[PDB]
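In: need coordinates for the below:
(chains A, B, C, D and E)
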Amino acid sequence: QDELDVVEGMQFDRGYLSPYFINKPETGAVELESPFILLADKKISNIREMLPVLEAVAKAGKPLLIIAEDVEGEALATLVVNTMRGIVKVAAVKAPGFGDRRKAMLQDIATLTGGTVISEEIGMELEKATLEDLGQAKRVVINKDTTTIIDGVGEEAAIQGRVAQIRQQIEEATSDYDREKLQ
Amino acid sequence: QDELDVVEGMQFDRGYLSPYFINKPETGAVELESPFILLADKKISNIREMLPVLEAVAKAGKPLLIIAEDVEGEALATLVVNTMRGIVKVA
Amino acid sequence: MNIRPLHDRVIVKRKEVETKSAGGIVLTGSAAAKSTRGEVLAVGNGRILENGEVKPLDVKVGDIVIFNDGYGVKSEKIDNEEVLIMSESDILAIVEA
Amino acid sequence: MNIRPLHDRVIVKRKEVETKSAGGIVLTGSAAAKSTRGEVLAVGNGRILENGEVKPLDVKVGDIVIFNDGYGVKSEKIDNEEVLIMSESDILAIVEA
Amino acid sequence: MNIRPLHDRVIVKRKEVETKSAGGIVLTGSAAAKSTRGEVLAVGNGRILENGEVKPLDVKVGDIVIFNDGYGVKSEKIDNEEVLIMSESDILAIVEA
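Out: Numbers count the residues shown, from 1 in each chain, chains lettered A, B, ... in the order given. What follows is the structure:
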């Protein structure tokens, strides 16, 4: 029989890495209340250098979300321990796509949440991190295989400029698949 | 239908290097208002040496354009940060 | 909690890592470098070498000092703050007033 | 069982391996690092250099010392507990009061 | 803002990188070389070594000095100008009159 699936808001593949931290519901899916979002271009290894960020949230109380190509074992260790002790609630997810595409979506995530993209390929390092660069949302839920953002507080005008520019990037290139990914 | 496009005033190949910087219009293409242009014979890597130039622009506020064989990643980093933060608009 | 270096050793705290001031408003990227400035917070008695008692150091507690980040420079955590420990030999000059 | 260091050498006991105080409640994993804080348990006579008898060292038994885990640093087991043996040169500072 | 070197250390400012004097009117290019001439801006008290008090160095502020651009020479920014910091050991000669 024919089946129709419909995905509303922001949702895509790639779930969390460590199932050890969990929230109020079951099924493994983790929901956050007025969540905090961070995004990165490269992977990471040290965790102490993340002091200026994490501590800030520890002064804010708001739960955190992390986006990168990957996150190493000790980072998940600190994160899972800290979430288990209940001082700070954090989740981590590997980058969605590859090369230029993952970045091309990282910009839209940044603009949709309202924050600004951080990139190692740009002068700003993983060290240099401010409370303006990090994004904010109303609620986000991430399960084993898929991640979902429901509502970013980022204004619609920014989204307008972005959908404009992306559709402009659509009005070229041959084959379909490419146009399809852009769509 | 047949359409004629006409470009007035100097046009040639080779576009921008970093699509990271954008202006008021879309397409990634940047337009500049009463811009200043610099031209060089060699390549570049350092960014501090542009003091006598950038400072002038930092005293003017008006946007700059640069021409060389190429400009390296770290310079693209400094410029993209400066254009994104909105301190000075340069291509 | 205050600390006490053991002769010849000086404990200073770093300021801002590569203070963004180039051009005046322009943000400089990272050229794999750091900052060499600091502020003296703790000072040992002095160098013990050459037997003859212990000769005091020429750096007083509270000085804004410019140094060289050599090999003898070590890092430590006091009161959950990052501090650096060095010798007078690694210290180059002092900024006054 | 008490031990006896031979002049200029200081024997101290390590504290907690990377004492968890980062952030205040955040537990850091192991980044191939150790602890640099300890408490002095045994002290040698003093430095032997410059012939002129033996001048005692400036660290007394019972001092809480912060040191550098250099190359001269060795580990030993006494009464089935892990203790550390080093020199006065490798010792940096003392926490007082 | 004036600076103050701490003993044995000398702070001098470099002149022009490869001073244009080749031929008399010919402008020399860069052969991966630098300038070896400079002007001393600040001088420390003197060498502290050898215990016996502190003997002053033989370079006074205002001498035109030729040095060697070794490893111990460091660069700094004072009053938004590039200055060089070295020791008395690395400086080669002084041109007088």
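
In: leaving out the residues flanking it, which one is nearest to the residue positioned nearest the centre of chain C?
Out: Ranked by distance to the mean C-alpha position of chain C (CA atoms, centre = their mean), the top residue is residue C:12 at 4.1 Å. When the adjacent residues along the chain are set aside, residue C:12 lies closest to residue C:38, with 4.0 Å between them (CB to CB, 6 or more residues apart in numbering or on different chains). Using the backbone N, CA and C atoms, a C-beta is placed for each residue, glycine as well.

In: so the one you found touches residue C:15, yeah?
Out: Yes - applying CB atoms under 8 Å, one finds residue C:38 in contact with residue C:15, separated by 6.7 Å.

In: more neighbours, the two?
Out: Neighbour tally, residue C:38 and residue C:15, criterion other CB atoms under 10 Å in any protein chain shown: the higher count belongs to residue C:38, 22 against 12.

In: give me the sheet partners of the helix or strand hosting that one and which way each runs.
Out: Following DSSP states H and E, the helix or strand that holds residue C:38 is strand C:37-43. With DSSP bridges as the criterion, the sheet partners recorded for strand C:37-43 are strand C:9-14 (antiparallel), strand C:64-67 (antiparallel).

In: flag every residue of chain C that's near chain E.
Out: With the criterion set to CB under 8 Å from any CB of the partner chain, chain C comes near chain E through C:36, C:47, C:49-52, C:55, C:58-59, C:66, C:68, C:88, C:91-97.

In: which residues touch residue A:87?
Out: Under the criterion of CB atoms under 8 Å, 6 or more residues apart in numbering or on different chains, the contact list for residue A:87 reads A:58, D:25, D:26.

In: apply 7 Å and report the result again.
Out: Residue A:87 is in contact with A:58, D:25, counting by CB atoms under 7 Å, 6 or more residues apart in numbering or on different chains.

In: with residue C:18 instead?
Out: By CB under 7 Å, 6+ apart, the residues touching residue C:18 are C:33, C:34, C:35.

In: most surrounded residue in those residues?
Out: Taking other CB under 10 Å as the neighbour criterion, residue C:35 ranks highest of the contacts of residue C:18 with 14 neighbours.

In: is it true that that residue touches residue C:17?
Out: Yes - look at residue C:35 against residue C:17 with CB atoms under 7 Å: they come within range, at 5.6 Å.

In: drop anything exposed from the residues of chain C next to chain E.
Out: Using 16 or more other CB atoms under 10 Å in any protein chain shown as the burial test, the residues of chain C next to chain E include C:36, C:47, C:49, C:55, C:58-59, C:66, C:68, C:88, C:91-94 as buried.

In: A helix includes residue A:92, no?
Out: No - residue state for residue A:92 (DSSP: H, G, I helix; E, B strand; the rest coil) corresponds to strand; a helix is not indicated.

In: report the beta-bridge partners for it.
Out: Listed beta-bridge partners, residue A:92: residue A:66 (assigned using DSSP bridges).

In: which of the contacts of residue C:18 sits closest to chain B?
Out: Nearest to chain B, judged by CB to the nearest CB, of these is residue C:33 at 11.2 Å.

In: for that closest one, which non-adjacent residue is closest in space?
Out: Here the residue nearest residue C:33, using CB to CB, 6+ apart, is residue C:18, at 6.7 Å.

In: next, that neighbour: secondary structure please.
Out: Assigned by three-state DSSP, the conformation of residue C:18 is coil.

In: can I assume residue A:167 sits in a helix?
Out: Yes - membership of residue A:167 in a helix is supported by three-state DSSP.

In: who's in contact with it?
Out: Contacts here follow CB under 7 Å, 6+ apart; on that basis residue A:167 touches nothing.

In: interface residues of chain C facing chain A?
Out: On the criterion CB under 7 Å from any CB of the partner chain, chain A has as its neighbours in chain C the residues C:27, C:29, C:30.

In: compute the first-to-last residue distance for stretch C:75-83.
Out: Taking CA to CA, to the nearest Å as the measure, stretch C:75-83 stretches 6 Å from start to finish.

In: may I ask which helix or strand encompasses residue A:124?
Out: Using DSSP H and E, residue A:124 sits in no helix or strand.

In: report the contact partners of it.
Out: By CB under 7 Å, 6+ apart, residue A:124 lies in contact with A:118, B:81.

In: next one: it relative to chain E, how far apart?
Out: Here the distance between residue A:124 and chain E works out to 23 Å (CB to the nearest CB, to the nearest Å).

In: now do residue A:61
Out: The spacing between residue A:61 and chain E, counted by CB to the nearest CB, is 42 Å.

In: tally of neighbours for that residue?
Out: In terms of burial, residue A:61 registers 11 neighbours under the definition other CB under 10 Å.

In: near chain B, which residues of chain A?
Out: Checking chain A against chain B by CB under 7 Å from any CB, the hits are A:122, A:123, A:124, A:161, A:164, A:165, A:168.

In: list buried residues within the residues you listed.
Out: Taking 16+ other CB under 10 Å as the criterion, what is buried in these is A:122, A:123, A:124, A:165.

In: and which of these is nearest chain C?
Out: Ranking those by separation from chain C, with CB to the nearest CB as the measure, puts residue A:123 on top at 3.8 Å.

In: the residue in chain A that chain D sits nearest to: what's it in contact with?
Out: Among all residues of chain A, residue A:74 sits closest to chain D, at 3.5 Å; criterion: CB to the nearest CB. Going by CB under 7 Å, 6+ apart, residue A:74 touches A:47, D:29, D:30, D:31.

In: quick one: contacts for the nearest residue to residue A:24 once chain neighbours are set aside?
Out: Spatial nearest neighbour of residue A:24, excluding adjacent residues (CB to CB, 6+ apart): residue A:31 at 7.0 Å. With contacts defined as CB under 7 Å, 6+ apart, the neighbours of residue A:31 are A:23, A:25, A:139, A:141.

In: among these, the buried ones, what's the ChimeraX command?
Out: Only the buried members of these end up in this ChimeraX selection, burial being decided by 16+ other CB under 10 Å:
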select /A:23,141
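
In: with distance to residue A:118 and secondary structure added, can I get the contacts of residue A:31 in JSON lines?
Out: JSON lines is the format used below for the contacts of residue A:31 (distance: CB to CB, whole Å; DSSP: H, G, I helix; E, B strand; the rest coil):
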{"residue": "A:23", "distance to residue A:118": "26", "secondary structure": "coil"}
{"residue": "A:25", "distance to residue A:118": "30", "secondary structure": "coil"}
{"residue": "A:139", "distance to residue A:118": "23", "secondary structure": "strand"}
{"residue": "A:141", "distance to residue A:118": "24", "secondary structure": "strand"}
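
In: just the contacts of residue A:31 now: which is nearest chain E?
Out: Looking at those and their distance to chain E, the nearest is residue A:139, at 49.0 Å (CB to the nearest CB).

In: what's around the nearest residue to that closest one once chain neighbours are set aside, how many residues?
Out: In space, and not counting its chain neighbours, residue A:139 is closest to residue A:150: 4.7 Å by CB to CB, 6+ apart. The number of residues packed near residue A:150 is 15, by other CB under 10 Å.

In: for residue A:150, give me its contacts.
Out: With contact taken as CB under 7 Å, 6+ apart, residue A:150 is in contact with A:9, A:138, A:139, A:140.

In: can you give me the end-to-end distance of stretch C:77-85?
Out: Its first and final residues considered, stretch C:77-85 spans 11 Å by CA to CA.
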